[PDB]
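Below is one structure, written out as structure tokens; comments come after it.
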Amino acid sequence: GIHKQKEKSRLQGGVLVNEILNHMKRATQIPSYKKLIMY
């Protein structure tokens, strides 16, 4: 049952949103977390 219940609207095309992950990659290379040492 990969498909779960829904509460809000959602159309097939909406799946496109997944593309977000791609762009997210960029940030994944350097998030806004807390840094201490570089070496």
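Within each chain, counting starts at residue 1; across the structure tokens, chains are named A, B, ... in the order shown, with ligands numbered 1 upward in that order.
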
Residue set, chain A restricted to alpha helix (DSSP H), as number ranges by chain: A: 20-28

Gap from atom CA of residue A:4 to atom CA of residue A:16 - Å, one decimal: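 It comes out at 18.2 Å.
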
Distance in Å - atom CA of residue A:3 versus atom CA of residue A:23: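 It comes out at 25.3 Å.
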